[PDB]
């Protein structure tokens, strides 16, 4: 009777607590992230917090390279994040082999979302405590952002934010778009779109960042890559010379 | 590993109730309203696109899906469940029919196949029922136009018009008033938009609404020409613009 | 897939599922079997919870396994079928491989085995059934009567009964059946049977069915009248005193 | 492990009962009433459509009467979805018999298989039983017109007249009151409608809430014929038998 | 091959089957009954591959007896032959197919008519007034085609048959050691124990 | 409610997985073991408690090798540790068989990670009761890693787990600061023997036995090897000295 | 509930322990070994006068030189005896010799713990342990006359005399005194008969009790009613003799 | 095509005395017209006073002897180091051989 | 508490314990004492055999796995048969495939890994038996102690079972002495018998209750029972 809270079956209210608690787990890392679309690029920013001195900072990341074109940032525990990453990478490699063309960001999101939907219905699979944000510059849809959650839900966004302070980040962005009247950052270069991202991340969170406080990924026509502490610093120095 | 959940997760309670199915239904009542109206020359299914974030792009998510070129579906309840159900539906229409007979299945039969898939999730080992109810509308040369409703139990029934989800009770009542056996498709679309209005709180426009119809054949939407007997799909999803133009004569 | 151990031991050394299976038997209609000096008779009662049935088609209680052996039972009807089918199949298979019909004891040992197996196998519950198997071994005239239960245990009886109120009718039989001199007549044997059933049937001309088995595959089920006649000659025995 | 959430749908109660079957039946007892009456020259199947609306399309609806064969049909009481799974396997079974022997499947043979399927979900597999009860009305050249019934338990029996679903107790009593062996199909048809009419939880017994079927031997032929009445045919008969 | 003959007269079916059993250089038996009773009013004769022959017949027998016990009824001759065809047709595409040919003679107690069915190892089934498997027909069909009449008596039948068996003893190369004859009618199956000089 | 800690793959209302957390307890209760990443390789060391004079000295080796270039050491349930190494050996063998090149250390880390994470997805399995420090030298230098029962793992400069894990972390952190330019293999061996002696204070009751292994490009040729004989006794002295 | 292969805090397997309980309720069974052969006796225990007492088989032949007696849920013992007979026969086929009594026993015991719902070690398919014990008696050229007690636990012991079933504890205590290495077969016969009589609720006759033995010369034989009756009589006389 | 069989020549002899027995064999192993070895033992002591030799195709012959010796080993484990009688060994060897009835050990074995 | 975490082995307690395994471990303490010790030339096993009645026999405690390896048990007799049989196969496999005697240390690893499999997967149960393995291989004489938890250890000597702590102290005490009993098996055995007697209480070791096994340099693993062990009582 009360075990409707331990496995993925309905509660009398028509709810799935385990899915809810999975969502809870996504914040374990206490890290926020956001993504935005440029005129022809897509950027994802995520906080990076490496407090232990014994850690090799370079081996710490929640941004993944799924394919030459798809990049994925994860909000949730690293072990589940890595399980998801590996799967998506496999799903992408396979898709190319079978259908003859690179798997589109939205399709990979759907496929991953469906996989999640299953853990929601089958009782022996637990959901993954993660929220996956996929980004790229689709050869058909252009800059793309698609995120999926432990519920098996997913959708595309103009821009998006995820983490403990998701709301603060979101409304900041909402505002900016209500203003600009367009569904993207009208910028030709990605360096500028990245700067826009870091800037609004700062405004919304009311925090300043050093080069080791962030993690950045950029998706362009036929290539997704991540920035280095230095690539970042350069970007940080730039916004500083505007304030 | 190895799924050891070989037993039923939905069983009979002493009162004769099948809990999980009941709960599933509950989950459906919580869902956003969606409806269907059958006219003499067409059917219409519609629902509200309850964007879950102003940053989301409502179009990237469709609640009204084409199953075959003459069958459409809409739901109320759990989106993810409905999504996989739509893929299974589109596939079963092929594997269990088009691949045997060389023609798409007739509405009642596809609906029946979908229903079976759900029924199984009600008795098979280690799973929970689907938390959704569907409204499938289609047309086939021998049965004409039809509209069906499929529940988490696997039950289904034919309707002239109906609604499910949040405001089903109210909406169903408004339909019983305005419906008759002499409606033309445009009328059903009109009644459709009117009915949906009551259920919608905030913005009501071609961007917050999703509506499709099963009507005439769309040769212009076929993609090729040269085969007389192939005239085009009867299923057509209205555009944001098409919706708004209508909202003006609302 | 499903292999949960449904029949297991409890502290006191019991296997409740098998015991509860026996409970199902107690609730079933009564069945009795008495062997004569050259025949065996089986009788079963007919419930009355509802009456408007079609006796022509409604499955009867005494089933033929082979032309010389029959099986009646008390307990769940759905369950009995599975046992009857398996028994009938094993019967033909035995003829096919050994070139000789099964002995009554063998057909019994087989049915009993199937039941026992369902008490120590995963994912299955025991048959809520007890059976009476009777007939004549091939080319033999010594009547055979055996009984089996959910546990899988079995043995032979001069006369026996199972089902509701079996306690009663057994008592009757224990003080109405002499091994020294068993019913030397099919008639006097079918009489003792109907007499024993009447102790519990509470006047049931149509509530009582009988089947007589004679040596060499001679099995026939009596009709209401034939039976109703026995009932009559019996109620007079009472009044005439 | 998983044992923790295993309901154990196939076990005996201390009284030797099968919980799920019992409960399944309890479920069936709330389903629209279904009646089957067997006359000397035919059989009648009548069922009450549970839950209806002005909008519910009736010409296209068939929630209780399904044709299995050309000579067998069933009336359902319980989960429609569960029913269909069983219905379909039955239809296959009839065709396999025909493909093997070149003879239509005898009515009991089909009923025993379907019942056996049910019996199974009762003894193994850890699955829930089918929440369905069937009234089989069919005809064969060995027992002529037959009327059967099977429930979640996997047991089946033959009847002259019977009902399944809601208010069976009341319906049974009424049939056991006016049924006579010499009855003619039309007499049975009339008795059937009367019984429902008196056991309905509804206000009046209208056609839109009914499904009807008859397996008679159209004298002008020499062969038997199944007929599932259409909305208008039910509407007509309703007026004639005096229920208007 | 062996002689498997069948002829359906007015009120019965007659089955004649050679008695010889040869294994290479030696004739092992001269009293072999190439028959199996599937039910009180249904008899099946057979010929073909060494092991398969009986293995198939007995397998069919077992199954028809099981159907009888279970339904407490005797399947029509037509139904039995259909079952038998289905089985051979399966064997034809199996790993190791039964190489058997059969004649099924039965009396339909419901139709009250005798019936003869011919079925080969491929599952080719046909109903006939008279028939035979192997080469037997090559010498006998001309005789039957000529003298056969639908209303013949069981006695006339056995005569036209004796006539056929003589042609076989005259023109056929092998010594089949005579035939064993059997009649299936409204009363069942019986063996004409005196055909060695009838 | 409660009981969110009896089944392995269950999320508690606050998003945790207690079974994994309880696994960690078994780890913390284990012997202390560490890893130091030097400028061209890695060093591994572990505490071996002398439960009694009866244990043959130097005989119950704890550190294991994977392939020829990887070293593994763990704290917690030893058998669970061996099990994990066996999988690692299979994992590395499979990889080499197809790609020819011996498995890169980072790739190896994820193989173990994915495997250990797998034992937190079902209730039919128990999570691993060990934390594992492992690493080696490959095409891109040295790599040191530590894997948690949760499946989590990261790259480290220095790593410690077990009973005396705090002392170790303290001492390791010091090294990091006092050597911003790197530590040598030879030096990490000494520094490792010291940290173990220091961390042995949180278990100062039972006498212990030190065990060290290393994988240095210049000292071992990139192949994992056990520090024995003189270089060993030498580090034992450097430690025995600085502990007084 | 709780796994069928779980350990108690005392280090015992629950299902096995409970198994042993059902056995205590079983009909008495006794075995005595003597350099002249081994005797096996059992308590029929008919649950009614209408039950033909000789259709009660609680002493069966494994092989010509091996027999056994059972106590507990006797239906459970059917497959155990099948395995046992097949083992004895198979060994002969593969080695052209008789199976040693101990090996036969070890073989039966090996099925004992083959139960569970998915126990890691092979494919133990059997939902519960057996609810019956056995006294395996036989003779072989290696260790001559032998008596074995095999339990659902999977273990077995060799005894000179052993009693299992409802009357055991008392009967065993008795045996402890009555038995001596110089017993004769006949002596053993009476002793078994006597102890059965003492623990049996029923007045021991040749219909609710059965005797049998196994000797090198004639192997395993089950005494027919007449033969036992006389031994019973012969016993009453010797007893009332003092 | 691939032929799984070969011939290594050799010849063996077994003679039984009243209270003794002998098993002999040349020690030459060959392949066609070439000598593989002038000394390659072919007769083996398998314990329990049993000598054996599987002559013909050496790969098969070695396989068999090895398999039999192992059978003796387990016979001791299972039956308390009980001596395996020659007759029993013979029956056991029969099963070893017939076990590969449809892809035999191409050897003529004598014990 | 414990009640909620000891239903199987796939469950950790709040403190990181595995009760089902701990319970299994108990079965050993409840078993009959057995001792093991070795010098540089030999490895010895001494065991106290237990009986049921005085009409029954004494349970064998020592099993031979190969000509150079064997063990003694304490706990579930069946499990010891299962494990010793698996150890026999491994010894056998090493010989057939590699013509190599299985190293005692290696056997120890295999046992460990096998035991561990029944402590992490649903359905299985830990083995409820302790084992003392002795063997002479390429690196001399060895003694291993096997625990159902999977922990296998190499020692100079040890003991398991009831009152075992007695002998273990005696050995831990005599160590420097017996470890040097090379080239004299009879002594090593007397040293083993003296150790095991430090765990007696109920009775004194008799001829049909004492079980001794030995293996060494030029000594195939051999067992002594009855009169065979008379010269040591």
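Residue numbering begins at 1 within each chain, and the chains themselves are lettered A, B, C, D, E, F, G, H and I in the order written.
Criterion: a residue touches a chain if its C-beta (ideal position, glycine included) is under 8 Å from a C-beta of that chain, and two chains touch if they have at least 3 such contacts.
Molecules present, by chain and UniProt name: A = Proteasome subunit alpha type-1; B = Proteasome subunit alpha type-2; C = Proteasome subunit alpha type-4; D = Proteasome subunit alpha type-3; E = Proteasome subunit beta type-4; F = Probable proteasome subunit alpha type-7; G = Proteasome subunit alpha type-5; I = Proteasome subunit alpha type-6.
Engineer: Report the chain whose mean Cα position is at the greatest distance from that of chain I.
Structural biologist: For chain I, the chain whose C-alpha mean is farthest off is E.
Engineer: Which of the two pairs, G-H or D-F, is linked by more C-beta contacts?
Structural biologist: Between the two chain pairs, G-H has more contacting C-beta pairs.
Engineer: Could you grab the centroid distance between chain B and chain G? Build each centroid from C-alpha atoms only and quote it in angstrom.
Structural biologist: Going by mean C-alpha positions, chain B sits 70 Å from chain G.
Engineer: Return the distance between the CA-based centres of chain H and chain I, expressed in whole Å.
Structural biologist: Averaging C-alpha atoms per chain gives centres 38 Å apart.
Engineer: Report, in whole Å, the distance between the mean C-alpha point of chain D and the mean C-alpha point of chain E.
Structural biologist: Between these chains, centre-to-centre, one finds 46 Å.
Engineer: Indicate the whole-number Å distance between the mean C-alpha point of chain B and the mean C-alpha point of chain H.
Structural biologist: Each chain's C-alpha centroid was found; their separation is 77 Å.
Engineer: Can you list the chain G residues in contact with two or more other chains?
Structural biologist: Expected reply: 3, 116-118.
Engineer: Give the residues of chain D touching no fewer than two other chains, as numbers and ranges.
Structural biologist: 1-6, 8, 125-127
Engineer: Two or more other chains in contact with one residue: find those residues in chain C.
Structural biologist: Residue numbers touching two or more other chains: 1-4, 6.
Engineer: Provide the residue numbers of chain G that touch chain C in the complex, in ascending order.
Structural biologist: Going by the criterion above, the answer is residues 4, 14-15, 18-25, 48-52, 55-56, 73-76, 78, 115-118, 125-131.
Engineer: Spell out the part of chain I that touches chain H in their complex, as residue ranges.
Structural biologist: It comes out as residues 64, 88, 92, 96.
Engineer: Residues of chain D touching chain C in their complex?
Structural biologist: 3, 6, 8, 10-17, 38, 108, 112, 115-116, 118-119, 122-127, 143, 146-148, 153-162, 172, 175-176, 179
Engineer: State the interface residues of chain A toward chain B in the complex, per the touch definition above.
Structural biologist: 7-15, 106, 110, 113-114, 116-118, 120-124, 146, 151-161, 170, 173-174, 177, 183
Engineer: For chain B, which residues are in contact with chain A within the complex?
Structural biologist: Per the touch definition, chain B meets chain A at residues 3-5, 9, 19-20, 23-30, 52-61, 79-81, 83-84, 87, 121, 126-131.
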